[PDB]
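Take a look at the structure set out below.
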Amino acid sequence: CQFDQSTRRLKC
Amino acid sequence: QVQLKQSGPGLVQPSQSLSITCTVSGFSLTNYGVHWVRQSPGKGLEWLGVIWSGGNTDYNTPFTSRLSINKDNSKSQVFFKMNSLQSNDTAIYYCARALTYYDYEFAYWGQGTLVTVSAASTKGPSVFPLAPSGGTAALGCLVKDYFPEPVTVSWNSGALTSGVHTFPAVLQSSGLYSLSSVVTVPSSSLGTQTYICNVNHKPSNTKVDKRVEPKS
Amino acid sequence: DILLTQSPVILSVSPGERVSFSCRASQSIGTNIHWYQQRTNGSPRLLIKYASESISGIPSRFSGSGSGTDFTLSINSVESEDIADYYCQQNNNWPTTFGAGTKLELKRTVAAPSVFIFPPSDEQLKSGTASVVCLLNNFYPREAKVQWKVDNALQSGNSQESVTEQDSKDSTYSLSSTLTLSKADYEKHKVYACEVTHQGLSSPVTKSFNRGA
């Protein structure tokens with residue numbers, strides 16, 4: 001995964 | 001009510017500096033340190049430094065040369081400055097307070113500041129209607145061609161939350177963002193209830209209130 | 001620095017189940033570990049301090065255990081509102097460091113999308129560009145296929161999709177597909193259709209409009 005600053009969620 | 005409120009998001013040009021203000025309430029800066037943490041795609045959560053109640057500062061080792069933290073006890077303000085930003089310093093920056101004056105369990109967080117590092121220009125969005133026409137109607141607003149992130153969208157000044165979906169922004173091939181926000185409502189409400197999407201792009205100080213209704 | 005390894009990377013569970021997050025430190029840190037929740041668009045929220053100690057305001061279903069190098073965050077009966085990422089933090093050694101996170105995903109029954117299509121506004125058209133939007137609302141699982149056809153020609157390369165995070169109340173997703181055309185291209189064609197295929201649909205769903213009707 002990688003943190004996504006647009007959602008503040010991990011994007012996997 | 002312990003609260004930490006940070007200054008707004010925006011663009012920093014590469015090799016230039018980032019400044020953020022953290023205004024606190026419900027406690028005194030003479031009694032608690034304030035920490036700074038960032039969250040980036042490349043490195044996730046990263047503690048950056050702290051200004052202690054007595055004014056001393058500690059900085060995490062990779063930042064000691066480009067970070068400075070100051071404060072004004074009387075104004076309840078903490079000032080964060082980081083120099084020579086590069087593209088991978090794009091991140092959410094937070095201030096935070098621990099439970100105890102000396103510790104690092106971060107019980108209270110600022111709302112975060114999205115900092116984008118880019119040579120581009122700030123640009124405010126255009127807002128277009130997604131106009132409706134089983135018993136449920138969908139309507140929405142298309143918030144197009146803005147930079148940098150983020151934009152906030154509410155409906156009916158926050159009074160309408162049920163059934164709202166605001167999608168993650170997508171970066172278009174133009175280098176500008178776009179997003180849509182939609183809500184589902186009873187189709188028999190479209191005549192007498194007004195539906196307004198409230199759009200705020202703080203980086204460009206662009207505010208738009210857009211009524212969405214069925215087209216003729 | 002101390003390296004913290006969180007596992008699994010993605011924790012997929014059914015509602016009501018007990019769930020366990022693992023955080024393992026590269027060397028002993030005693031019980032000096034704290035846990036945080038991060039919901040969509042949110043700031044981290046402190047859940048557990050010093051491995052096992054409760055935090056005011058946090059639901060009782062959250063607990064923690066462990067000492068030395070292996071630590072566990074537990075949710076004894078998971079709810080849809082627990083959809084979030086979960087992070088551990090050590091502070092036995094300066095500087096304090098965080099793990100990479102575990103994403104919590106919630107299983108639910110299959111739900112077919114409700115589909116809506118939106119033509120471009122006349123306001124946008126006078127800018128020279130037409131955006132056509134197709135909405136897929138409140139579906140599960142996340143995988144879905146949206147195909148655009150303009151006068152029965154499959155469009156390729158001129159659409160983008162955005163998918164929400166899992167909804168905290170009903171565990172569904174929604175998706176928005178945007179087809180971008182020049183005004184000139186838009187005015188040259190009549191039938192605009194979004195065709196949706198999804199596990200909960202026995203056959204594809206097509207929504208369409210005719211330009212100028």
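Every chain is numbered from 1, with letters handed out A, B, ... down the list of sequences.
Sorted by first and then second residue, the pairs that involve residues 119-134 of chain C and meet salt bridge (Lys or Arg N to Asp or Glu O under 4.0 Å), not counting sequence neighbours, are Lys210(B)-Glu123(C).
When heavy atoms are compared at a cutoff of 4.5 Å, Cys1(A) approaches chain C by way of both its backbone and its side chain. Residue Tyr87(C) touches chain A through its side chain alone, counting heavy-atom pairs closer than 4.5 Å.
Legend: residues meeting salt bridge (charged side-chain N to carboxylate O under 4.0 Å, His left out) with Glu165(C), ordered by chain and number and at least two apart, are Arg9(A), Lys103(C).
Open room surrounds CD on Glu143(C); 12 or fewer heavy atoms of other groups in view lie less than 6.0 Å from it. Remark: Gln199(C) CD is loosely packed, at most 12 non-hydrogen atoms of other residues, nucleotides or ligands lying under 6.0 Å away.
At a heavy-atom separation below 4.5 angstrom, chain A is approached by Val9(C), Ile10(C) within residues 4-18 of chain C. Residues from residues 33-53 of chain C that place a non-hydrogen atom less than 4.5 Å from a non-hydrogen atom of chain A comprise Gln38(C), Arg39(C), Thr40(C), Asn41(C), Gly42(C), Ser43(C), given in numerical order.
Summarising the geometry of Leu10(A) relative to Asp85(C), their closest heavy-atom pair is N-OD2, 2.8 Å, with the distance given to 0.1 Å.
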